[PDB]
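Chain lettering (A, B, C, D, E and F) follows the sequence in which the chains are written, and residue indices restart at 1 in each chain.
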Amino acid sequence: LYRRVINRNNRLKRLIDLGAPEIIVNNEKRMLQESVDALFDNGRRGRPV
Amino acid sequence: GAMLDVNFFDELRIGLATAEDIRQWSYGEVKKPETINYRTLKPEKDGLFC
Amino acid sequence: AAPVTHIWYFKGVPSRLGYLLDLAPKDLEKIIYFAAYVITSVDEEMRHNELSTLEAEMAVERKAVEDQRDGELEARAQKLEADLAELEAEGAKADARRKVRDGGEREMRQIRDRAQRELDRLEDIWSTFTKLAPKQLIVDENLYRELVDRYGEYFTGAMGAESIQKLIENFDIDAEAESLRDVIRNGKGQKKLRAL
Amino acid sequence: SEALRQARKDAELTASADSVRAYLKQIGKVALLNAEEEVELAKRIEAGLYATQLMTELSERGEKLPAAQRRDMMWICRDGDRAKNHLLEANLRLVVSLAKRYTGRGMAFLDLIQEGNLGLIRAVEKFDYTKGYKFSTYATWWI
Amino acid sequence: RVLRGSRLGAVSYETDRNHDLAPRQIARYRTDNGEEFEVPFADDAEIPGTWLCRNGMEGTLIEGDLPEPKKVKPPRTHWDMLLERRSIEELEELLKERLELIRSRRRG
Amino acid sequence: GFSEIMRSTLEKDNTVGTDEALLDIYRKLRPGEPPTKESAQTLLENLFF
C-alpha cells in the first residue's frame, strides 16, 4: 500500500512538471486518492485491493 | 505531553491530527518506493526502510 | 503533490464532511472523485453591478443568432421559391413537387428548431449564471467550460479535494452555528430533526 | 422510439465503484483522426515550437516587439500546444488497447494505462511525419 | 517443525554510559522556507556545506561559504528533439507558411 | 386455466409486447447497459437453454 502511494505520487509529480492535458492529471489524482483510501481502510469504497 | 512515559498518567486525550503535527512528528520525507537491496540485503537510501 | 480527503470523515453514516458543509454524500462523492465540478467561490457584487451590461451583451449575441437564423430562413425561402418556379414550369409530378416543397419546409423547420436550441442553450447558461451560488455542482463539464471562458473573472470553480479544502477554508463556523440555533428554535418536523 | 432512449439515458447515468469505467467514459468523447489531420497537427506543433524558440531568442535584446507580429506569434505558439493536446487525446484509446493485455501480474490496470500515457507523450515528442507513416505504428513501440 | 526468523540487525549488550562520550559540535542548516535545523556532527570530522534536512528539502549551511551552486545541465527538451532532426531553414519554411496562413485567415 | 393467482398476474401483466418483454428482461437483468432488441433475445437462449 505504501509502495502504491509512493508510485502514484511520484508519477503525479512527474506529470505536473511535464505538463499534460486534463484527462491524464485528473485520472492520476483519482488514482492517488483511491490509493490513500485503500491505505487507510481497504474495502470501504467498493471492491478491496 | 509526555514522550518518556515513566508510569505517571492522568489523561489520554485523543484529537484530530493536522498537517503541521504530522510533519512535526516525522524524521524525514520518504521519497522512493524501495524497501531493501536485492543483492546485499541492506536498506536503500530514502526508501521505506532507510 | 495534491491534497486528499480522509476516508473516515467522508464515507461514514453520517458523513461528517457532508454534515459540516450540508452537502449530500452522493454529490460529495462526485466532487472528490473528479466526476463533477463545484463552485468554490462567487462574486455577487460584481455580477450585481454589471448584470445590466452582461445581459445587454447576452441580448446582442442572442439577437445576432436571431438575425442569422432569419437569414437562414430567407435563404431557404428563396431556394423553395426557386424550387417551385422550376417545378411548375416543366412537366413534373405534383406529388413529387409537394415532396420537394415539404423537403424545403423540413429544411427551414430544421433551421428554426436548431436556432431554438441555440437560444435555449444561451438562455440556459444565462439562467445558471444568474443562479450561480456556492456549493453548486456543474455536471457534464461542457456547460462549465462554456461558463468559464465567459466571465472567468467573476467566479472560481475547482474539482476535488483542493476544492473541498478551499470550501472549508472560506467557511465560518459561528454563522451556520447560530443559523442552526435559530432553525431549531423556530422549526417543526423533519427540518428541526435534521438541523439537530 | 424514445423508450429505448430514456432507458439508455437512465442506464448511462449510473454511478458505480469502478474508476476505470469513468475513465473510459471520459476518453470516449474525442473522435479519432486521419493521416492528413495528423500531418496538420504535427505541423502546428513544430511551428509552435519554432515560434516559441523565436520568442526564446527574442526574450533577450534581440529585437523590438511589433504589436501584430507579437500577438499572432503568440497565437501560433499557443495553437501548437492545443494541437499537441489534441493528438494526445486522440491516441489515448490506442494506449488503452495496448495496455489491455499486460495485466494479470503485479501492477494495476490503471497504472499500466498511465505509464502507457507517459510513453505516448514521449512518442508524440519524438514522432516524425516526413517518413510518411501512420502515427500508430511508431507509437506502439514506445508504449 | 519450528520455523525461525531473523531481522538483519546485530544486537549488542553494553552499558548506556551518560558521562564520558566523544565530544561533538553543533551546526545550523537553513532550508528555502526559513526552516532551521541543528545537526550534531563529530569533532574530528569535516563539516559538509549542504545537508538534506529533516524537512525533506535540501538545506544549505547558515554561514556563507559559497559551494558549487548548480554544476548541472538541463536534461532534454522537445525543442531539442525538434532541432536534432530538422534544419532551421525547414523551420523557417513552416514558420513563413504558417504566418501566411494566419495572415490569409485573419485579414486576407 | 384454473388459478386466480395467474389470472390476477395476467390482468397485472402491465407490459404489452413479447419484444418489449425481451427488452424488459434485458433491462432488468443487466444494469448500466443500453438495451438492444437483437442481443437480448439471443441472451436468454445463451443463459438457460
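Quick notes on this one:
Rule of thumb we're sticking to: a contact is a pair of C-beta atoms (placed from the backbone, for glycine too) under 8 Å apart; a residue touches a chain by one contact, two chains touch by 3 or more.
Labels paired with UniProt names: E = RNA polymerase-binding protein RbpA.
Of the two chain pairs examined here, D-F and D-E, the one linked by more C-beta pairs in contact is D-E.
Spacing of subunit C relative to subunit F, judged by their CA centroids, is 38 angstrom. Averaging Cα coordinates per chain places subunit B and subunit F 60 Å apart. Averaging C-alpha coordinates per chain places the centre of subunit A 42 Å away from that of subunit F.
Between the CA-based centres of subunit A and subunit C the separation comes to 30 Å, rounded to the whole angstrom. Annotation for subunit F: no residues touch two or more other chains. Shown for subunit C are the residues in touch with two or more other chains, namely 33. Touching two or more other chains at once is no residue of subunit E.
Pairs of chains in mutual contact: A-B, A-C, A-D, B-E, C-D, D-E, D-F. Residues 23, 26-29, 31, 41-42 of subunit B are the ones that touch subunit E when the two sit in their complex. Within the complex formed with subunit A, the subunit B residues making contact are 30-33, 35, 48. Contact residues of subunit A toward subunit C in the complex are 9, 12-13, 16, 26-27, 29-30, 32-33, 36-37, 40-41, 44-45.
Across the complex, subunit F is touched by residues 4, 7-8, 11-12, 14, 16 of subunit D.
Every residue of subunit A that touches subunit B in the complex is listed here, in rising order: 2-3, 6-7, 10.
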